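Quick note, the sequences are listed as chains R, M, 4, P and D, same order.
Numbering (PDB author numbering) for the first sequence: 3 to 116.
Numbering (PDB author numbering) for the second sequence: 1 to 122.
Numbering (PDB author numbering) for the third sequence: 2 to 56.
Numbering (PDB author numbering) for the fourth sequence: 1 to 120.
Numbering (PDB author numbering) for the fifth sequence: 1 to 211.
Note that the Cβ used here is the ideal one computed from N, Cα and C, for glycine as well.
Notes follow once the structure below has been shown.
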Amino acid sequence: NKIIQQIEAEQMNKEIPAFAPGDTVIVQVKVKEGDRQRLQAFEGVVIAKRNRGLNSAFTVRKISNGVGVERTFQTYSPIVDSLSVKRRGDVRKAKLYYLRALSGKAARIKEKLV
Amino acid sequence: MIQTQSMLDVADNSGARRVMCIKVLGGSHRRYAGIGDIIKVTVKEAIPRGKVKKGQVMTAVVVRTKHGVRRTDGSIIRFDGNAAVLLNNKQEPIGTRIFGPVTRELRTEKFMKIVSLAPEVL
Amino acid sequence: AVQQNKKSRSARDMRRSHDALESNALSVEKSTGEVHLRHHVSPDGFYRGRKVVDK
Amino acid sequence: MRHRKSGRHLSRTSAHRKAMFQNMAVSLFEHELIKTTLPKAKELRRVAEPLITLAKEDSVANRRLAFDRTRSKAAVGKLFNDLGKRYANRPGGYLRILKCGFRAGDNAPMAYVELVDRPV
Amino acid sequence: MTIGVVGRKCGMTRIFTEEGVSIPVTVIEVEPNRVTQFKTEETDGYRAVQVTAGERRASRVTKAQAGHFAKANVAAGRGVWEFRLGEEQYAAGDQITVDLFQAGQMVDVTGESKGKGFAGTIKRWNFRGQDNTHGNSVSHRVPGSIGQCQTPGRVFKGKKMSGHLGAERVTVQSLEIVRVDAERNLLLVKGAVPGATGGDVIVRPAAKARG
RNA sequence: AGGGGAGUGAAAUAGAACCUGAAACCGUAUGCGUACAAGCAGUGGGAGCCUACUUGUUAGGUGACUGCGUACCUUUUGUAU
RNA sequence: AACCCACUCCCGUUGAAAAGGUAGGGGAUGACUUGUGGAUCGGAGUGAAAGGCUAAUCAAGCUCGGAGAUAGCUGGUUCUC
RNA sequence: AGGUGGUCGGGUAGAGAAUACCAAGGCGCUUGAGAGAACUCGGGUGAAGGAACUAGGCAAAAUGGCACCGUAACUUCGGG
RNA sequence: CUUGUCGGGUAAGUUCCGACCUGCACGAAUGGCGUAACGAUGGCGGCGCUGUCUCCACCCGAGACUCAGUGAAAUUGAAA
RNA sequence: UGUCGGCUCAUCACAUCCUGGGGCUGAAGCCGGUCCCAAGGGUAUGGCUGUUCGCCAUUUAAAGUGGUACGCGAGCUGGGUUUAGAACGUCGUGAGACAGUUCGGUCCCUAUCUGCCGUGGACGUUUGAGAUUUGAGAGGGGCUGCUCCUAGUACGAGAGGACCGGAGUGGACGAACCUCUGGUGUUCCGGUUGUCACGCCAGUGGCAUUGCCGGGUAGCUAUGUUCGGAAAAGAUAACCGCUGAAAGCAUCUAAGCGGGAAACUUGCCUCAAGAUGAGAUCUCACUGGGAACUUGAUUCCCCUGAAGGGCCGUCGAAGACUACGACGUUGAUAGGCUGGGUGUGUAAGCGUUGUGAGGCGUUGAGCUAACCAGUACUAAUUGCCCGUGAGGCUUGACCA
Ligand SMILES: [Mg+2]
Ligand SMILES: [Mg+2]
Ligand SMILES: [Mg+2]
Ligand SMILES: [Mg+2]
Ligand SMILES: [Mg+2]
Ligand SMILES: [Mg+2]
Ligand SMILES: [Mg+2]
Ligand SMILES: [Mg+2]
Ligand SMILES: [Mg+2]
Ligand SMILES: [Mg+2]
Ligand SMILES: [Mg+2]
Ligand SMILES: [Mg+2]
Ligand SMILES: [Mg+2]
Ligand SMILES: [Mg+2]
Ligand SMILES: [Mg+2]
Ligand SMILES: [Mg+2]
Ligand SMILES: [Mg+2]
Ligand SMILES: [Mg+2]
Ligand SMILES: [Mg+2]
Ligand SMILES: [Mg+2]
Ligand SMILES: [Mg+2]
Ligand SMILES: [Mg+2]
Ligand SMILES: [Mg+2]
Ligand SMILES: [Mg+2]
Ligand SMILES: [Mg+2]
Ligand SMILES: [Mg+2]
Ligand SMILES: [Mg+2]
Ligand SMILES: [Mg+2]
Ligand SMILES: [Mg+2]
Ligand SMILES: [Mg+2]
Ligand SMILES: [Mg+2]
Ligand SMILES: [Mg+2]
Ligand SMILES: [Mg+2]
Ligand SMILES: [Mg+2]
Ligand SMILES: [Mg+2]
Ligand SMILES: [Mg+2]
Ligand SMILES: [Mg+2]
Ligand SMILES: [Mg+2]
Ligand SMILES: [Mg+2]
Ligand SMILES: [Mg+2]
Ligand SMILES: [Mg+2]
Ligand SMILES: [Mg+2]
Ligand SMILES: [Mg+2]
Ligand SMILES: [Mg+2]
Ligand SMILES: [Mg+2]
Ligand SMILES: [Mg+2]
Ligand SMILES: [Mg+2]
Ligand SMILES: [Mg+2]
Ligand SMILES: [Mg+2]
Ligand SMILES: [Mg+2]
Ligand SMILES: [Mg+2]
Ligand SMILES: [Mg+2]
Ligand SMILES: [Mg+2]
Ligand SMILES: [Mg+2]
Ligand SMILES: [Mg+2]
Ligand SMILES: [Mg+2]
Ligand SMILES: [Mg+2]
Ligand SMILES: [Mg+2]
Ligand SMILES: [Mg+2]
Ligand SMILES: [Mg+2]
Ligand SMILES: [Mg+2]
Ligand SMILES: [Mg+2]
Ligand SMILES: [Mg+2]
Ligand SMILES: [Mg+2]
Ligand SMILES: [Mg+2]
Ligand SMILES: [Mg+2]
Ligand SMILES: [Mg+2]
Ligand SMILES: [Mg+2]
Ligand SMILES: [Mg+2]
Ligand SMILES: [Mg+2]
Ligand SMILES: [Mg+2]
Ligand SMILES: [Mg+2]
Ligand SMILES: [Mg+2]
Ligand SMILES: [Mg+2]
Ligand SMILES: [Mg+2]
Ligand SMILES: [Mg+2]
Ligand SMILES: [Mg+2]
Ligand SMILES: [Mg+2]
Ligand SMILES: [Mg+2]
Ligand SMILES: [Mg+2]
Ligand SMILES: [Mg+2]
Ligand SMILES: [Mg+2]
Ligand SMILES: [Mg+2]
Ligand SMILES: [Mg+2]
Ligand SMILES: [Mg+2]
Ligand SMILES: [Mg+2]
Ligand SMILES: [Mg+2]
Ligand SMILES: [Mg+2]
Ligand SMILES: [Mg+2]
Ligand SMILES: [Mg+2]
Ligand SMILES: [Mg+2]
Ligand SMILES: [Mg+2]
Ligand SMILES: [Mg+2]
Ligand SMILES: [Mg+2]
Ligand SMILES: [Mg+2]
Ligand SMILES: [Mg+2]
Ligand SMILES: [Mg+2]
Ligand SMILES: [Mg+2]
Ligand SMILES: [Mg+2]
Ligand SMILES: [Mg+2]
Ligand SMILES: [Mg+2]
Ligand SMILES: [Mg+2]
Ligand SMILES: [Mg+2]
Ligand SMILES: [Mg+2]
Ligand SMILES: [Mg+2]
Ligand SMILES: [Mg+2]
Ligand SMILES: [Mg+2]
Ligand SMILES: [Mg+2]
Ligand SMILES: [Mg+2]
Ligand SMILES: [Mg+2]
Ligand SMILES: [Mg+2]
Ligand SMILES: [Mg+2]
Ligand SMILES: [Mg+2]
Ligand SMILES: [Mg+2]
Ligand SMILES: [Mg+2]
Ligand SMILES: [Mg+2]
Ligand SMILES: [Mg+2]
Ligand SMILES: [Mg+2]
Ligand SMILES: [Mg+2]
Ligand SMILES: [Mg+2]
Ligand SMILES: [Mg+2]
Ligand SMILES: [Mg+2]
Ligand SMILES: [Mg+2]
Ligand SMILES: [Mg+2]
Ligand SMILES: [Mg+2]
Ligand SMILES: [Mg+2]
Ligand SMILES: [Mg+2]
Ligand SMILES: [Mg+2]
Ligand SMILES: [Mg+2]
Ligand SMILES: [Mg+2]
Ligand SMILES: [Mg+2]
Ligand SMILES: [Mg+2]
Ligand SMILES: [Mg+2]
Ligand SMILES: [Mg+2]
Ligand SMILES: [Mg+2]
Ligand SMILES: [Mg+2]
Ligand SMILES: [Mg+2]
Ligand SMILES: [Mg+2]
Ligand SMILES: [Mg+2]
Ligand SMILES: [Mg+2]
Ligand SMILES: [Mg+2]
Ligand SMILES: [Mg+2]
Ligand SMILES: [Mg+2]
Ligand SMILES: [Mg+2]
Ligand SMILES: [Mg+2]
Ligand SMILES: [Mg+2]
Ligand SMILES: [Mg+2]
Ligand SMILES: [Mg+2]
Ligand SMILES: [Mg+2]
Ligand SMILES: [Mg+2]
Ligand SMILES: [Mg+2]
Ligand SMILES: [Mg+2]
Ligand SMILES: [Mg+2]
């Protein structure tokens, strides 16, 4: 598991800015519908994370058309084109799984002023 | 994954609020139905002046599940409830408008009609 | 369940052919000459040529 | 299976197991030499050795942490004052375990746990 | 088939293609193998080559086994394996490296699987358990019937019962080589390989392949 | 506790759970047989080995190999049953 | 809740126990529960009645006698030619 | 691990002699040491589904307090 | 006879509910027909809830397993 | 000699349900009917009922028929039947009775022998030992749908619609694995309720199902990932022949030569020389005397015990005990220690702000199991026991 660390480390060349659970991020996703490529957008609140080097992942949550959807992203996959933090949230936990039960004004997250 | 007696709702304006799976089609001893899989349902709750009545046996396609669908990069997309679209005898949707989002696994030669009508595709 | 016929003298003594006991590994403490178990402190309090417990 | 798993149950509950190794470590720092069963002696070095490392740096934070793990005022006093200063330059391995025989009562393999540089 | 290398399973990982798909990959480290003996028809009957790999301290190699490793100036390594070759030439003292494989190149991986000590019939033979309620008495994960009455009146040979999910040798066929690292002596293989990390694995060309 | 001597006695293997002291059952020692062989365990034939002594037309022990061979009682038309 | 009872599941069935245990369960100021002393008994007693109970014994207790009841029925029946 | 009449009965929470943690007082239940297989017993947590199990929702999970609001058919007018 | 026939409930109901009357073989104090409240009473159906189930997975204690001490039972014509 | 049905687990026959190969057809095509060969592999979920069965609903390539004490209770159940309670209808004056109904009603056994599934000890394989092996034989596996191209072609009045031959993607089943997605993770980190204690405040610890909870590393795991069934060859079944007479013709047969199926033998995977017929290859070790004879595969005495194996100890993704694998100071085998990682989520103390609860800073802080890498600080001794001294005889052929 010392030569595994070098195979994985030569694929870890992206930027991946710093972010934490409770933040509102916007993910740019590569999309195909035939021959023309384009970048779709996913915007939501980060509720989970996984810091395992190349095998890292994070989960964002959004309400699409009255329906909640959660997507898990592989950070170092070429699909995840870019990521930007739109708003910084202030939470005490590391995994915000309790947000799945709350819907409207109950699921607000206090902004991190500094 | 959807099996018999799973209660799933409807993403159309056909008349049903609530259907129930009674058979997973497409194989002997088949156990579950994923997104994009054909099932046979019965209508448990309806709307007074819709075009389907309570107690009707008919076919549907699963478009939204809590178990979710994986992608080639390892990612997964999960919804908060199971939803179906009712179909007539030509595998075509009965309703005319589609609610909520759908996914790109419906972009086959036989379900492009519900991809067009949906407000969003993930 | 229980036997239908009583076992013979030879049958029960064949089963006991795997019941013989083994012998331990005993060494002689080089400085003095006490016999102890191998890799164990001597009954006097010596191990590898050194007082360790002084009785 | 128990692949790559650490620890010994010793036919005790977790509260019993945690409470028994506090008594052994507290007794060890006071008598410098105890006699116990060999399986228990091998699980004690995973408890009593991290306590001696903690005592090499003396501070209010460290003494409070040591008292939370050995709830004995004398053992916290013995550490930070005698041990940790004696072992200030020892890269680990503060206790020695020697097989000594078997008990008369049930034939259990016994051992001698002692500290390495005892004054004796 | 008929010629391969002996390596050590290093672990699983992933690699991302440019198009976004992820390939599950098992890393296999193949230190160069050393030809120990060449077996021919006029000397042995069959035809094969014998191979050694690794490193062994001089105190663990016995006198008989050291003079065998000294006939061919090879130096002792851990273990010795034999590959039954079809029509190939190898002199004693040769080198066999990962460089006999390419990308694509379906291969067969032979290893010794993980050991589950003494398993029941549910885990070993995929039996189905009886009731957990409705009056069942101490018979939840037990097998059940194991025969019939007077006719035969014996249990048939080969009956499925419990015991020792094996640490036996198995082969997984038609695995695709994703990458071959000549300089670091690595062999990146798509899929899963039997055994635990650090175990010996045999890698040979695909037995079937064809399609 | 129990024993090894020494003493008593005609005799302690008459030693106090004490005259004689059988059988089932459990051991130690010696001789021969026994780890490619299928079954009421025997018998007809039979090699080799061991011991004794009248030195092999003898006596005792063992029984490789081989032909034949499904206990006893009762009750029954009839039982390896 | 204490106390009295015994509806369900599992364990136990060579039991910790010749009728229990752990979880739940019913009544709990009354046609209630209970201590001490007393009365009724073998074709007899008592019974909100199940042929239930009358000392781990009940479509007629236990014990000693008639008594070695009777048994057209099972079993067994001992040395030799 | 059964049965056995009566009396005393402290502190903090609590309606309480319930229940939890303690006091005075008493005890660790007369084989122990290991290891950490199947299987059995008593439990904890489970993805998606939710009675599809079964003779039968058996067993388990669930509800559970105090104050306030609100409460149907039917009724023997009390109730429910 | 019989899972009578018609209706309701279910995708599908030999059980359930409402009827009809051909009552093998109901019927008026061995009472007939109703009935609020009650029931560890029988049948049927819903909500919630769930390892009951698809289909089992992991974890924790007591055995089972090894060692030292004590030490049974039913059974048994003889067994190569 | 425990009697229906359910559950678990099966095994065989072929009178074949599907898949496979064919003849005839009142076979145009797509569909069928019937007969022949074929047992390799597969061969529903539910509603009602105690039901087997049956009838319904929706599937499937198909939902085969039978034997096995109508297979299977020292493997489970106990709904039905078939004890004791109670009731209805009918029969009897009555006690009571009913292959007539209804509600209720204790399922015991620690496996000696055979058998089967795993796993060891002894001995043998002709001197002994370390390692690698051949393969007589045995076992596992063998299922299949849909779409597209050929092609709207052949066929047909039209409607409708192929054979043969290729590509793709599934259902069930099996194996391995843990990179990903999750589960668990009473050995890690937090929050919080009641109460007791540490002199007290702060701060922590015990008990309450791990007190209740929120997360979660390694390992294990499926619902997660990858892979499999083949192609091909040989000999054939039914069937179709070529040449060809007996019997100037005809005729697959009598002589001779062919094609031919999921069945058979190989090909794929695993075990395999106790295959007493005990095989083969490479390498390593041992090169002393004396006596007694019942005179050689003999017996004893002294000296010498090698190659190697075991005991012992540190352990392991190996494991019930064994066995197996690695190591034992010329050493990274285990524990610690030193860095990193991972998880949790801003410790304590102090300083400020407020009357206090609280907030803010020092501070992504402190702690951190099983993971990675390095390091002899601690434990793996300074030993003992088995195993010997060149490996019989007879014959043949080459040397001498
Ligand atoms: Mg309907
Ligand atoms: Mg008998
Ligand atoms: Mg008998
Ligand atoms: Mg004997
Ligand atoms: Mg024994
Ligand atoms: Mg470990
Ligand atoms: Mg506790
Ligand atoms: Mg294992
Ligand atoms: Mg089942
Ligand atoms: Mg039952
Ligand atoms: Mg029972
Ligand atoms: Mg149970
Ligand atoms: Mg079987
Ligand atoms: Mg005498
Ligand atoms: Mg006597
Ligand atoms: Mg006399
Ligand atoms: Mg006598
Ligand atoms: Mg005698
Ligand atoms: Mg003898
Ligand atoms: Mg033979
Ligand atoms: Mg022999
Ligand atoms: Mg025999
Ligand atoms: Mg026999
Ligand atoms: Mg004879
Ligand atoms: Mg004779
Ligand atoms: Mg003789
Ligand atoms: Mg004979
Ligand atoms: Mg014979
Ligand atoms: Mg008799
Ligand atoms: Mg008779
Ligand atoms: Mg007769
Ligand atoms: Mg017989
Ligand atoms: Mg007999
Ligand atoms: Mg006869
Ligand atoms: Mg009482
Ligand atoms: Mg009573
Ligand atoms: Mg009762
Ligand atoms: Mg009861
Ligand atoms: Mg319970
Ligand atoms: Mg009560
Ligand atoms: Mg109770
Ligand atoms: Mg009441
Ligand atoms: Mg009286
Ligand atoms: Mg009287
Ligand atoms: Mg009387
Ligand atoms: Mg009666
Ligand atoms: Mg009476
Ligand atoms: Mg009585
Ligand atoms: Mg009488
Ligand atoms: Mg009398
Ligand atoms: Mg008499
Ligand atoms: Mg008389
Ligand atoms: Mg007689
Ligand atoms: Mg006589
Ligand atoms: Mg009190
Ligand atoms: Mg109390
Ligand atoms: Mg006290
Ligand atoms: Mg114990
Ligand atoms: Mg359990
Ligand atoms: Mg639970
Ligand atoms: Mg948890
Ligand atoms: Mg669940
Ligand atoms: Mg859930
Ligand atoms: Mg629900
Ligand atoms: Mg049902
Ligand atoms: Mg069912
Ligand atoms: Mg219940
Ligand atoms: Mg409960
Ligand atoms: Mg009827
Ligand atoms: Mg009817
Ligand atoms: Mg009806
Ligand atoms: Mg029902
Ligand atoms: Mg009716
Ligand atoms: Mg009248
Ligand atoms: Mg009258
Ligand atoms: Mg009446
Ligand atoms: Mg009447
Ligand atoms: Mg009346
Ligand atoms: Mg009435
Ligand atoms: Mg009542
Ligand atoms: Mg229902
Ligand atoms: Mg356990
Ligand atoms: Mg024992
Ligand atoms: Mg047969
Ligand atoms: Mg046929
Ligand atoms: Mg067929
Ligand atoms: Mg066919
Ligand atoms: Mg055909
Ligand atoms: Mg045909
Ligand atoms: Mg067949
Ligand atoms: Mg077959
Ligand atoms: Mg078949
Ligand atoms: Mg075949
Ligand atoms: Mg059915
Ligand atoms: Mg039913
Ligand atoms: Mg029959
Ligand atoms: Mg049959
Ligand atoms: Mg039967
Ligand atoms: Mg049958
Ligand atoms: Mg049986
Ligand atoms: Mg049973
Ligand atoms: Mg049965
Ligand atoms: Mg039996
Ligand atoms: Mg039985
Ligand atoms: Mg049983
Ligand atoms: Mg019952
Ligand atoms: Mg019954
Ligand atoms: Mg009755
Ligand atoms: Mg009458
Ligand atoms: Mg009852
Ligand atoms: Mg009944
Ligand atoms: Mg039973
Ligand atoms: Mg056994
Ligand atoms: Mg027997
Ligand atoms: Mg037998
Ligand atoms: Mg073979
Ligand atoms: Mg054989
Ligand atoms: Mg075969
Ligand atoms: Mg086979
Ligand atoms: Mg057309
Ligand atoms: Mg599968
Ligand atoms: Mg995983
Ligand atoms: Mg992982
Ligand atoms: Mg994950
Ligand atoms: Mg997780
Ligand atoms: Mg979790
Ligand atoms: Mg995990
Ligand atoms: Mg205090
Ligand atoms: Mg405080
Ligand atoms: Mg506390
Ligand atoms: Mg306490
Ligand atoms: Mg908890
Ligand atoms: Mg709670
Ligand atoms: Mg698995
Ligand atoms: Mg001709
Ligand atoms: Mg012709
Ligand atoms: Mg011919
Ligand atoms: Mg051919
Ligand atoms: Mg072929
Ligand atoms: Mg096929
Ligand atoms: Mg066959
Ligand atoms: Mg051999
Ligand atoms: Mg050999
Ligand atoms: Mg040696
Ligand atoms: Mg070895
Ligand atoms: Mg081990
Ligand atoms: Mg560390
Ligand atoms: Mg971290
Ligand atoms: Mg702080
Ligand atoms: Mg804290
Ligand atoms: Mg702060
Ligand atoms: Mg800050
Ligand atoms: Mg070093």
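Sub-9 Å separation of residue i and residue j beta-carbons
i	j	result
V6 (chain D)	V189 (chain D)	no
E92 (chain M)	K113 (chain M)	yes
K39 (chain D)	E88 (chain D)	no
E176 (chain D)	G191 (chain D)	yes
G91 (chain R)	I111 (chain R)	yes
Selection from the options that minimises the alpha carbon distance to residue i
i	options	result
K97 (chain R)	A22 (chain R), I28 (chain R), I5 (chain R) and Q8 (chain R)	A22 (chain R)
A111 (chain P)	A25 (chain P), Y87 (chain P), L33 (chain P) and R8 (chain P)	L33 (chain P)
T52 (chain D)	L85 (chain D), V80 (chain D), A58 (chain D) and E29 (chain D)	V80 (chain D)
Sequence-distant residues of the same chain with beta carbon closer than 6 Å to residue i, five excluded per side
i	result
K116 (chain D)	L165
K54 (chain M)	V43 and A46
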